[PDB]
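Have a look below at one chain only, the form deposited in one PDB entry, in C-alpha cells format.
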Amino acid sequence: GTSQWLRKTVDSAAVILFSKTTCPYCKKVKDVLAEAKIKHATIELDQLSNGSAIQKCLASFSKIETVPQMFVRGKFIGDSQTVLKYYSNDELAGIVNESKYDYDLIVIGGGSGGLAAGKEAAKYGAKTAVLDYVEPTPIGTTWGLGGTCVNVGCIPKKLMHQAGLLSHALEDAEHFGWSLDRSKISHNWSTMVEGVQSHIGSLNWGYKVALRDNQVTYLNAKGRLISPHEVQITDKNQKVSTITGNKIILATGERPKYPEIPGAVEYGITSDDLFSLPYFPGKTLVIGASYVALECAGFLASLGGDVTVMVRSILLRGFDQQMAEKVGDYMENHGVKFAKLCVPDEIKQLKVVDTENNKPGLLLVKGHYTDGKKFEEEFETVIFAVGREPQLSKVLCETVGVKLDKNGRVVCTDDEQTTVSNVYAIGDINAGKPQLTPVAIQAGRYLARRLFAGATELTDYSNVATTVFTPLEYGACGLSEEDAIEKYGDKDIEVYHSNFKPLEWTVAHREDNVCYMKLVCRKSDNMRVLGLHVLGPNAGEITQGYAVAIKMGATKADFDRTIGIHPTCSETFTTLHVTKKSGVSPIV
C-alpha cells in the first residue's frame, strides 16, 4: 500500500527531504541546502492525507519518526543536527555526490520529450546528462538541438503555413478598402526560408542555454545502450567512451522513410531537406497522402508553386474520411493537382542540382495506375513523404533485453517502462501512442517527477486533440464517425452536423458552403459526445478548448445549454440541431 510506494521513492530519489511547512526545524535545514546550492525534492508530510501513515512508516529506513529526514540516493543521511554537523565540518557536498554511477539519469535523444524529461529531472537534484546527434540526410542536411518539431517539423511547417494564408490576406485586403493590387505581388522563397531559419536558430540556442543553467551535461554525441546501465557515446572526432547512469531514458524519435525504387534516395528529398532548402523547389511531385504530405503540398501551392500529389490509396488514413474528402476537395478546388490511385516506379535525372545559381535540377517520374494506365511526367523537385520509422538497432544493442514490437517501436507499461527495469521510453518510439510533440512533453515531465520526486501521476494517452494545417484547417477530437459506428452500431449513433461561413469571408466573397462541423454522440450513453470535427479557419484554436469538456465526458446537452460568443466560427457548436439521420440538409 502506502507501505510499498515509499520504498520506491526513497530508492530512486537522488536527494530527498521529508518535512512540514509548519516547522522551524524543517525550515532551518532547507536554508542550509539553498546556500550550499544543493538541489533536492521535498515532501511536506503535513500536506498529504497520508502523512501520519508515512511519518511512522519512514522509520523502517531511518529508525526515527520525526521531521526532517534527509536521504541521498537511498541512504539515510541524518536529522537536523547531523546534517549541520556534516556542513559545519565541511562534509556535505561529498556525500551528496555519492553515486554508484556517473549520472542519475542519461537521456539519449535531445528532442521534444527528451529535453522535457532532462529539464524536469535536474530540478529535483538528479545529476542529468542529455545526448543529441542529427544523422545527416542523404544530401547532408543537418540541424541543431531540439528535435523534429523545432527543426524539421511543427515550427518550420506552420510559419510556412502562415506565409500561405497571407496569400489570401492580400486577396481579401482589397474588398475591405485597401488599395493594393493582389494580382501584381509575388512570393520570394529564399527570404521566407531565411526568417524561419533565423527563428529555429534562436530555438537551438535557447535550449543549449536552458540545459546549461539547470546543470545538465549536454553531449553532442551519438549514444548506444550496451548494458542496462552502460551507455556508449561517439563524438564528432569519432572518439569512443562509456558513461554510466542509474536510470536511462530512450527518446530518439524517428526519421523519414523512402520507397524502394531506382532514383529515390539519389534524386529525391524529404521533409528534413525542404525546410532549409536554398532554392524554391518549383514544379513539385508530392508522393504520399499523410498529413505531412498534404500540408507541404498546401503551402507550396499557396506560394504560387505548381503542385501535384500522387495518392496511393486514400487521403489521411485513420482520420474521419468524410473530412479527408472535404479537406482534399478544398485543395483541388484551390490549385493542388491530385494523381488518384497511383504509385511511383522510378525517378530518373535530367538535370543535376545547380548549387551556384540557386536552381533545382529536373526529373522524369515513371509510375503506373492501379487500373493499368501509365504515369510519366517531368518535375523540378520530388518530395517523398511516405512514413516515419525509428531505427533502434543503431541505438539499442539487441543483447541488453528491451522488447521491441513488430513495427520497430518499444513496448512499455503505462508508466513508460521497458522490459529492463532501469530503462524507459517516451516520444515517438513508445508503441501505439499518439506521435505528437506535446504528448512527448507530457510523458517526459510526469515520468521525471515520479523517478526523482515521489509523484504518482500518469500520462493520459486517450482523446488527444489534433489539427491538420492544410489550406483549410481541420481539427479533431475523439473517435471518427466510421469507427464509432464499428464499435456501437449504427442504431446507437446520432450525428449532428452543419455547414457555416466565417463572417470575414462575407465581404471577401469566399465560399458559402465549404466549412463544416459535426458532433458524433452515442444515443444510449446519454448522447455522450464521442468525437468532434471541424473544417474551417483557426481549427487549432477552435478545437483545443473542447478537448477539456470531452476529457470530462461531455454530452450533447452540455453543448446545448452553453452559450456562444458572436460573431465567431466556434459558436456554431452550441446551437447544432440537424441530424444526419433526419436527412435535413446542413446548408445555410
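A residue's number is simply how far along the shown sequence it sits, counting from 1.
The discussion below concerns the form deposited with a small molecule bound, not included here.
The contact residue chosen from 96, 484, 269, 453 relative to the small molecule in the deposited complex is 453, the criterion being a non-hydrogen atom within 4.5 angstroms. Between the options 458, 203, 265, 210, the residue in contact with the small molecule in the deposited complex by a heavy atom within 4.5 angstroms is 265. Although the partner is absent from this view, residue 177 stays clear of the small molecule in the deposited complex, with no non-hydrogen atom inside 4.5 angstroms.
Residue contact with the small molecule in the deposited complex: residue 48 places a heavy atom within 4.5 Å of it. For residue 137, a non-hydrogen atom is located within 4.5 Å of the small molecule in the deposited complex, even though that partner is not displayed.
Remark: residue 527 does not count among the residues lining the small molecule in the deposited complex, judged by a heavy atom distance of 4.5 Å or less.
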